[PDB]
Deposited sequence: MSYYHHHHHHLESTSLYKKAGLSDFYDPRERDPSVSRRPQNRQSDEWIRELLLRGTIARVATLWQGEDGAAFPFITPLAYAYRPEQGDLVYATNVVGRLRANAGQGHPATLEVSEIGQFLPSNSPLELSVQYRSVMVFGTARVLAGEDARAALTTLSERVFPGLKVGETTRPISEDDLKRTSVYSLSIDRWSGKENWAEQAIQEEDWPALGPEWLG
């Protein structure tokens, strides 16, 4: 019978592999805090998401790519942006903020469609951002500027940061609560042995 026939017609996990005993055993691609710190110190572009009140009166996120600097001692990150919405969806002089920094490598081809991927390292940072004023703002802008242009010195390379400058710039400190680090940086995607192998134009 068809029913029976069809019913009848309808593991590398447990088999030998090599493993480097130094490699992180953390699940879901998770990384250490030290790894996260290191990634943050070497990045220069971040995306910040903050929440703004919309037409329907519901909160919705913006995402703004911007220059940033991580200040480990202070326990914050600083950035400047004049981007805003109408009213923040927030009760306070500060507002919750998520900051993302990543290193995006190569797309990784496969003859298996769900193993298709991209190399990445990515950190989400959760905290509260506040706007800075006066010397607080000047120093944070200085640190920012000198971080993202190595060798530049404010007051030598550039004219000093003036009171007009400060008046015209919104500079923020994002005080860190929590963070979360992820890495998926294989040399090659997992392939399917039982489908024809990717040709030379792929992995060559």
Coordinate gaps, deposited numbering: 1, 12 to 22
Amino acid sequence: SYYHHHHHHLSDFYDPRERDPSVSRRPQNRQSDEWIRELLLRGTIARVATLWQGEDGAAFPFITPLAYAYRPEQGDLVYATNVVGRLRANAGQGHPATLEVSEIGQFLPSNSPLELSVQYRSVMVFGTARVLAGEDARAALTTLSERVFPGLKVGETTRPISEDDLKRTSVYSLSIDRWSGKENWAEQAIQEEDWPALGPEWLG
From here on, numbers count along this sequence of modelled residues.
field: Higher-scoring stretch by recorded Cα B factor average, 105 to 113 or 86 to 94
entry: 86 to 94
statement: Of 53 to 61 and 66 to 74, the stretch with the higher mean C-alpha B-factor in the deposited entry is 53 to 61
query: If you rank every modelled residue in this chain by C-alpha B factor, which third holds residue 138: lowest, middle or highest?
result: lowest
field: For residue 27, the third of its chain into which the C-alpha B factor falls
entry: highest
